[PDB]
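Here is the naming used below: chain letters follow the sequence lines, and residue numbers restart at 1 for every chain. Atoms within a ligand are numbered from 1 in the order they appear, just like the ligands themselves. Keep in mind that the numbers below use all heavy atoms, side chains included, and drop hydrogens, waters and symmetry copies.
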Amino acid sequence: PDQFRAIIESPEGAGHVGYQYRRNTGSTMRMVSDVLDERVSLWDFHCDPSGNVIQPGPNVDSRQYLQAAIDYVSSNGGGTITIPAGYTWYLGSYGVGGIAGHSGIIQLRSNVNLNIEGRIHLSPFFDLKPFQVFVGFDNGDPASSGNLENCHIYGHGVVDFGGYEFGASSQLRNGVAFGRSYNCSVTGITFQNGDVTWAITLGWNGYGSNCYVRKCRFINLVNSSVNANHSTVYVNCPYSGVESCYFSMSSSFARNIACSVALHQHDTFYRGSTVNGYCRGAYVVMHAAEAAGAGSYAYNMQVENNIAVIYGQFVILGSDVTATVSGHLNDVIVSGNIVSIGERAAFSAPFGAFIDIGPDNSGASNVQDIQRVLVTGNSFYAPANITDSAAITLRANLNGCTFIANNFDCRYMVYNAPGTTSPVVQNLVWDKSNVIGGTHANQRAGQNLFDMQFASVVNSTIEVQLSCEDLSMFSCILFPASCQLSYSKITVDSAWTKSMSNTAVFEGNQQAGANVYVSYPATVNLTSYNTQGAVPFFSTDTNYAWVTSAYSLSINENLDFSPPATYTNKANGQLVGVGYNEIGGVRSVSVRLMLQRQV
Amino acid sequence: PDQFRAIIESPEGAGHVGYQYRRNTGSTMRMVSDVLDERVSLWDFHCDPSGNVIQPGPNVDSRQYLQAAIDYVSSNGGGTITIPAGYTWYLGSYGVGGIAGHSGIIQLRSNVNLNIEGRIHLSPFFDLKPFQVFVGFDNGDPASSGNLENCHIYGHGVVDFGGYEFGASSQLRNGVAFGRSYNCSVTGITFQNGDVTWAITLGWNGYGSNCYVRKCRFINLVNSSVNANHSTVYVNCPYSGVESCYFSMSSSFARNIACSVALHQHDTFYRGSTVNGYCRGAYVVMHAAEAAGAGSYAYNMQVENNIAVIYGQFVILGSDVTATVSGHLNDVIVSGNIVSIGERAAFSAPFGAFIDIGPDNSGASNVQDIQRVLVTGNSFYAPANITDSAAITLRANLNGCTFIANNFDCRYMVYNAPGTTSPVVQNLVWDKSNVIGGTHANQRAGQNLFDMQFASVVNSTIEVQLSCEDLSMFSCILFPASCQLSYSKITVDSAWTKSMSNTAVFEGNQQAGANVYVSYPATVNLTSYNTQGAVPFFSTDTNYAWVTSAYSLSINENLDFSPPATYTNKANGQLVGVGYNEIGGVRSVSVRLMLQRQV
Amino acid sequence: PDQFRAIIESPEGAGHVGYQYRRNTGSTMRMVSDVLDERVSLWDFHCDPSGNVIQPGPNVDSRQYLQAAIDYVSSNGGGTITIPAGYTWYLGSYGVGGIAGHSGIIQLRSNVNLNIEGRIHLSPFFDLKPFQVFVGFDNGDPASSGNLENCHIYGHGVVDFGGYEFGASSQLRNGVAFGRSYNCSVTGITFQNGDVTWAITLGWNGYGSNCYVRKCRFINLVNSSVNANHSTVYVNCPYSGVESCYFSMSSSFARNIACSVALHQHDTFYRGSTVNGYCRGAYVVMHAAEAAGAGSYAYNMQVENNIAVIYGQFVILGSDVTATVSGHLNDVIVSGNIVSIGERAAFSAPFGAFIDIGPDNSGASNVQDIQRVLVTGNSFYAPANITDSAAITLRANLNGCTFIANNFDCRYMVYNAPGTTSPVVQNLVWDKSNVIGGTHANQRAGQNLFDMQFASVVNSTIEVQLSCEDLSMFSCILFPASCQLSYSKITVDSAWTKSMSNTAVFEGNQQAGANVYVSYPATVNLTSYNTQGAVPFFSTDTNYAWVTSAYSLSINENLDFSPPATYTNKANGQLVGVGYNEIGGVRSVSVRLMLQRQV
Ligand code: NA
Ligand code: NA
Ligand code: NA
Ligand code: NA
Ligand code: NA
Ligand code: NA
């Protein structure tokens with residue numbers, strides 16, 4: 001029984017000490033080691049070859065120990081490994097095997113969860129180098145990778161990227177690359193103090209399902225001019241999403257390169273999150289080059305109930321093609337978001353927009369197939385000095401987008417730069433229930449509120465309603481002569497428009513088209529015949545051959561006569577109405593009319 | 001001290017080994033067994049009568065062991081039992097006592113939580129039989145059952161129903177029947193691989209409170225033609241709800257029988273979820289037969305921010321009565337949802353709808369009391385071939401429903417089949433801010449976009465606004481002669497309507513009613529008197545005794561004369577206006593007019 | 001080796017029993033005590049000075065033991081202390097040191113989380129006294145307090161305030177005072193059975209960040225007439241919020257004093273929650289006295305997707321000033337909420353409102369700077385008897401608020417009491433897409449639906465659209481003569497208005513202003529000249545010098561003549577139009593017209 005003492009102090013000691021839960025006679029007779037075996041931590045693998053525990057710290061590379069933990073638990077069919085609180089665990093080398101191709105540090109495995117309670121930091125070994133901290137691929141070539149299933153990272157802990165800048169723009173950096181990922185998630189974790197490309201990526205070219213980021217924080221993850229691009233969470237598998245997250249950047253470079261979320265496959269969502277200091281809110285794009293796993297269509301895309309202060313564009317819609325695949329984007333909803341462009345000089349960052357219809361990465365504007373988008377019940381505000389702010393910058397072909405019950409307070413409502421791209425536009429619908437704010441009133445000299453710089457516009461509705469005066473603007477809406485316009489409805493409500501010289505402008509007289517339905521205010525000079533009694537008044541100009549009716553928006557300050565209340569036209573392009581001369585005499589008046597065509 | 005060795009290897013050994021937390025002198029001097037007693041797992045009860053641990057597996061019935069665990073922890077005032085990861089735990093027999101009446105396997109108890117990390121599977125013993133895996137009732141008769149309080153099921157684990165079909169349609173199958181359930185929840189769990197009636201039910205005929213399903217997954221839970229009906233989560237207690245869940249079906253039968261969520265009591269919600277492959281999204285119904293615990297009214301019902309691909313109806317509203325109780329439904333909000341009918345043949349599944357006002361289970365349409373419903377900021381799409389798709393199928397009495405700022409792209413906006421039910425309709429409001437999509441343009445031969453096949457319509461608003469042409473439709477809106485119409489506003493905007501032969505149709509000339517307020521386009525033939533100068537034009541037809549004013553929607557291609565810009569009527573039903581003959585002569589013209597009555 | 005037995009039974013025994021995880025030869029050789037040291041509970045500190053464990057209960061004050069636990073774990077860099085299930089832990093004395101100034105019981109520390117699984121109760125020592133159960137300040141003076149970081153309270157447990165009433169109204173009571181709090185949260189916990197001021201407060205006069213309350217329950221937390229005021233969660237730091245919570249009160253006093261949530265700093269939110277029995281839903285206010293930590297502006301404020309039954313006001317907007325600081329409120333969104341005033345007598349609780357623009361605490365109405373607010377896609381209902389119910393009670397200066405696509409069913413749409421405050425109103429926008437319900441129809445004798453009792457109104461839009469008749473109302477909208485009105489648009493749709501004697505009323509003839517744009521129905525008497533043929537009709541009254549056009553809303557029951565379809569005016573204030581006498585004769589008619597000015 002020296003033997004006994006010896007057994008007890010050995011590593012098998014706890015397997016010799018009996019235990020029965022709460023002294024319950026119906027409970028299993030076990031050994032202490034069995035109960036301790038119900039949980040597992042990094043401390044169970046963070047040892048030297050003699051089995052002595054090693055303390056973590058800035059001069060200890062914890063990577064091989066965490067790997068051994070994950071490998072072992074994997075072997076038993078899964079479990080959760082805790083990364084203990086009250087310690088910082090440094091990683092100091094790359095991983096080996098399948099994740100080496102991805103610059104991987106740690107390889108994730110199916111059914112093995114990590115509960116990160118303490119902090120994981122990157123050591124300076126990784127300064128100026130690429131890295132992907134957690135990698136769910138098992139092969140250098142992702143196309144020959146197996147899947148990562150049922151892997152969850154959660155807890156109150158922290159992944160800190162050590163503040164190192166990128167060494168070259170062509171490098172990639174990631175926190176969690178889940179890979180071909182099914183039922184994987186990240187919950188509760190703070191990712192901070194980096195220059196990276198993404199914090200988390202979900203899926204790989206459409207392969208994956210049911211991947212989620214929830215209640216995480218992403219802080220200061222861009223810090224250098226070297227960083228080519230950033231999207232904090234990249235969602236590349238369907239039935240996946242980001243909710244209730246917090247995203248914050250403080251670097252100037254983030255204002256030009258960083259986006260909070262990229263949704264790239266069907267049935268994906270971005271909800272309930274707060275963003276500050278980023279260039280962009282979310283990309284919603286079907287890339288043909290990423291369509292292998294879930295088809296060529298991004299549909300059922302939701303961006304809802306977010307709060308953002310950004311410097312560029314809130315939501316960016318896109319689709320593109322490759323030699324063998326064509327991407328399509330449809331069935332999108334953007335709702336309940338409250339968004340503002342932060343304080344900045346005009347033109348000092350990418351052009352401010354709530355919605356951008358962007359060209360593809362090669363700058364092409366004639367590849368897109370975006371339709372059935374609903375933008376509703378959102379608020380948007382840009383400070384008065386930011387010339388480059390729009391409800392929508394429509395810079396590439398659009399096959400449909402519907403706006404209802406939004407409140408836009410920025411420089412333009414609809415915009416595209418002239419002499420850039422000439423988008424083909426179908427089914428753009430701007431309902432009268434969109435409220436146009438007044439922050440930019442008096443700033444619009446030389447500018448058109450809806451600046452329709454497109455190749456063509458068809459099956460579209462623009463119902464302009466102002467809610468305060470802005471007599472600085474050139475017009476409420478303007479179509480250049482190069483824009484064709486057909487089968488559309490364009491109206492300008494008269495409220496706050498009485499002193500405007502131009503309300504709607506059709507530089508190619510496009511409002512005359514057979515299936516164009518318009519109404520807008522204009523000032524018209526009329527002259528009557530001399531006849532006492534019922535008497536016609538006629539416009540002095542002959543520009544009104546397209547008008548179906550017109551009615552007065554002016555009071556009559558005369559006693560001895562009245563001009564017609566309503567007008568029709570004549571073949572020569574004059575307006576004509578019947579007024580009344582109590583006393584005879586040729587009359588001459590200037591009257592503000594509502595001009596109507598087919599409405 | 002042989003005695004000592006003996007004690008140590010006994011089940012009481014760990015109660016003899018001292019422990020003090022982190023060697024802290026101010027900490028409690030305890031024994032190892034005390035610390036191990038702070039947690040509990042199934043392994044502590046999964047033993048034979050000699051106390052030897054039994055390994056789970058396909059030929060071990062784990063049921064009695066889990067029951068013993070729950071019973072014991074219950075006895076101590078609660079706790080959380082872990083079901084360990086890396087194992088599959090099979091259930092192989094029914095439970096006994098109070099849950100036998102409910103085909104129960106395991107009986108839940110108050111304050112005893114289950115942390116399901118591994119997998120629970122059903123053994124073939126249950127093939128072709130009913131079952132309810134977890135049951136919170138303590139009595140065969142639910143009316144004499146006590147309550148289940150503070151019971152939470154959570155973790156990353158799985159409940160797998162083993163793929164067995166129902167044996168007969170009259171059978172029921174459930175995952176979690178919480179019973180008369182207060183402060184109970186299911187979080188994180190995957191329910192899969194079944195033919196069941198429900199995965200989870202919350203409450204019992206209104207008794208319960210604060211029950212929630214969050215972040216769960218429900219996959220492939222209908223698989224046979226035998227299954228009579230399915231609702232994945234049935235919410236039958238108030239102050240309860242489903243959020244951020246995922247629901248997926250792949251069976252053809254699911255497309256005809258399955259609904260994701262049923263909300264059956266007040267202050268219930270269904271939010272932030274994704275649905276694919278189901279017939280229906282949510283039932284929102286006050287059943288009089290289920291009104292004992294929380295009253296006869298379902299109010300404060302929320303369906304928001306969901307994503308769905310379904311084959312039948314997205315939200316189904318209802319209420320019914322019994323001999324002693326009348327159910328009422330009011331104060332409902334349906335918002336922010338993006339929903340589509342999946343690819344399918346017309347008529348191949350239940351009639352496609354965003355909203356359905358359904359008859360009761362016996363098919364009665366004259367019992368319902370549904371009002372104060374708001375449907376707003378939703379998107380809906382059905383593929384062009386699906387004739388059987390509507391924004392709303394109004395098949396039973398309706399006391400109110402309001403639509404604002406939605407985007408509906410399907411075959412019908414408002415529909416009910418003729419010669420079926422004749423609903424009595426009050427307070428149906430279709431605001432002008434609803435955008436009508438164009439996917440079904442050219443498919444509407446013989447059909448009315450708003451097909452008002454009701455007994456009567458009162459206090460209703462239908463403001464039709466098209467956003468593209470569809471000249472295939474018979475009319476935009478049609479009331480048959482059997483539909484009474486009063487104290488209502490019906491308008492058709494002229495945009496895209498110029499070539500339509502019929503815009504609004506009142507087969508019983510209902511637009512003449514004293515408190516009917518209408519406007520719509522029509523083509524009218526007029527003839528003038530020969531008089532030079534101001535001259536009247538009169539309609540050749542006498543169908544316009546109800547018109548209060550009309551105005552031109554046509555240009556005047558003549559020089560020598562103009563027709564009136566505006567018209568009123570005369571007792572004989574002619575229109576009359578004053579135009580102008582520059583030169584005398586009887587004129588005859590066909591003009592497109594906006595007809596107005598009291599607007 | 002008596003020595004060995006002795007060591008083993010000592011507190012260091014477990015540090016002598018070897019363990020190696022799952023017998024894995026590559027795992028660390030540790031001792032049992034090392035694995036037990038990975039977790040910590042209250043039981044590790046709940047002992048007498050001899051180290052004997054003390055059982056909790058009503059006659060044990062657990063406070064010093066919990067404090068020792070938190071202090072010790074703090075010393076190691078953090079961790080999570082469990083408060084065990086199956087026990088109730090009573091607190092019975094105040095804490096000492098820095099939290100004594102705040103009436104603190106327990107002092108929270110950074111990185112130390114509490115997992116509350118059992119119940120924490122207050123002992124009667126605290127009856128009639130102030131208390132703040134958990135306090136994150138480390139100093140009596142909060143301005144000299146350090147921060148509380150990374151502190152999370154979570155679990156399925158309960159904080160029960162023991163039902164004690166306040167002893168005096170000047171006392172404060174709190175559950176969790178996080179203090180200057182950064183990355184702190186409360187999840188899953190039930191707070192119940194009290195008379196307190198707040199359950200949880202986040203931040204201190206703007207200092208803090210990333211504080212959240214989620215999935216908590218707050219039940220019956222006001223119970224006496226002594227309680228001065230209550231806000232269940234007070235959010236006083238930015239980037240912070242409340243989601244998916246449940247709030248319930250049953251006391252009469254709660255209906256007059258209690259609010260569920262107070263949002264007091266920028267980038268804060270209140271979402272997805274259910275409220276019942278409270279006076280108020282949420283305060284959204286920038287208090288100048290609380291602007292030290294995060295600036296003078298509350299912006300990015302979100303209240304969305306809540307469900308509420310309240311007795312007073314749902315959302316209350318405010319801002320105020322101090323001698324050195326001016327508070328501002330802007331960029332607010334209120335969306336998707338479904339709210340009702342519970343059953344109560346008129347005037348029996350604070351005035352019912354969806355939105356209230358409230359004066360400051362000293363009652364001043366001329367300090368506020370509230371603008372860029374969007375209220376959209378909400379539902380509101382008050383029972384027909386509650387005279388004191390409004391969509392918005394506008395009781396203090398307003399610099400902007402926009403309403404779109406809401407459904408309001410209550411007594412008033414816009415209200416302020418006369419002869420109280422005279423608010424200055426700018427940029428109030430009431431879009432036509434707001435649906436006005438009919439519950440209060442026939443109850444509005446002597447009342448104006450939009451009762452514009454303000455000093456002035458500018459840059460505002462009120463588009464009234466009824467959806468049923470209410471001939472009991474005095475008018476749809478009324479401006480008293482003391483209200484100036486300019487640069488505004490005020491319209492009343494004619495639907496359901498044909499029998500109204502007054503539609504819009506301008507008691508000071510304000511609709512004549514140069515930049516006022518109006519339209520509304522009126523009945524007008526006209527008389528014609530005797531001339532056969534085209535013939536003028538003139539109004540008998542001369543009140544129409546402001547009218548720019550008018551058109552008929554009446555049918556013509558005559559054969560021998562027709563009145564004009566449209567009218568203009570003359571300098572003397574008569575209307576004039578040209579009709580037609582088939583046969584000559586002076587005509588005299590009463591016609592319902594739409595009067596238009598500049599629209
Ligand atoms: Na759309
Ligand atoms: Na062109
Ligand atoms: Na309604
Ligand atoms: Na009928
Ligand atoms: Na606004
Ligand atoms: Na005044």
Side-chain angles (χ1 to χ4, degrees), chain A residues 338 340 377-381 405-410 433-439 467-468, chain B residues 299 301 317 329-335 355 366 370-376 397-404 416 418-419 421-431 452-461 479-486 507-508 510, chain C residues 299 301 317 329-335 338 340 355 370-381 398-410 426-431 433-439 459-461 467-468:
Chain A
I338 177 165
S340 66
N378 303 286
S379 198
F380 185 63
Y381 163 75
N406 299 285
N407 183 178
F408 299 112
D409 192 6
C410 46
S433 67
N434 293 293
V435 170
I436 301 172
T439 294
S467 47
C468 67
Chain B
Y299 62 91
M301 319 291 280
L317 302 189
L329 179 63
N330 37 265
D331 310 300
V332 174
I333 188 167
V334 183
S335 69
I355 307 302
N366 58 0
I370 301 167
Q371 64 196 305
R372 302 196 304 271
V373 176
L374 172 70
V375 186
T376 189
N397 289 2
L398 179 67
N399 293 326
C401 190
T402 306
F403 292 89
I404 323 177
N416 186 43
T421 58
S422 292
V424 175
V425 177
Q426 318 184 31
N427 305 295
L428 172 72
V429 175
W430 183 284
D431 190 72
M452 307 299 277
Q453 300 284 333
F454 310 122
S456 55
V457 175
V458 65
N459 287 321
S460 300
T461 300
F479 295 79
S482 51
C483 186
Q484 285 55 60
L485 174 67
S486 68
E507 290 195 338
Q510 298 98 312
Chain C
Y299 62 91
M301 319 291 280
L317 302 189
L329 179 63
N330 37 265
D331 310 300
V332 174
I333 188 167
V334 183
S335 69
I338 177 165
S340 66
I355 307 302
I370 301 167
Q371 64 196 305
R372 302 196 304 271
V373 176
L374 172 70
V375 186
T376 189
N378 303 286
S379 198
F380 185 63
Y381 163 75
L398 179 67
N399 293 326
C401 190
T402 306
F403 292 89
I404 323 177
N406 299 285
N407 183 178
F408 299 112
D409 192 6
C410 46
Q426 318 184 31
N427 305 295
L428 172 72
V429 175
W430 183 284
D431 190 72
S433 67
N434 293 293
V435 170
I436 301 172
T439 294
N459 287 321
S460 300
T461 300
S467 47
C468 67

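The distance from atom CE of B/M301 to atom CG of B/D331, rounded to the nearest 0.5 Å, is 10.5 Å. One distance of note links CG of C/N407 with CG of C/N378; it measures 10.0 Å at 0.5 Å rounding. Rounded to the nearest 0.5 Å, atoms CZ (C/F403) and CD1 (C/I355) are 5.5 Å apart.
The nearest N, O or S atom of B/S482 is closer to the Na ion (ligand 4) than 3.0 Å. Checking B/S456 against the Na ion (ligand 4), every N/O/S atom stays at or beyond the 3.0 Å cut-off. Residue B/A455 counts as close to the Na ion (ligand 4), with an N, O or S atom under 3.0 Å.
Inside a sphere of radius 3.0 Å centred on the Na ion (ligand 3), the protein N/O/S atoms present are B/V373 O, B/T402 OG1, C/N407 OD1.
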* Run the side chain to side chain donor-acceptor pair (under 3.5 Å) check on C/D431 and A/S433 step by step: do they pass? -> CA-CA 7 Å; C/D431 190 72; A/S433 67; 5.1 Å; no
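The aromatic rings of A/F408 and A/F380 sit perpendicular, their planes meeting at an angle over 60°, well past the 30° parallel limit.
A/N434 and A/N406 form a side-chain donor-acceptor contact under 3.5 Å, judged by distance and modelled atom types alone.
Partner of C/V332 under the side chain to side chain contact (heavy atoms under 4.5 Å, CB included) criterion, out of C/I370, C/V373, C/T402: C/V373 alone.
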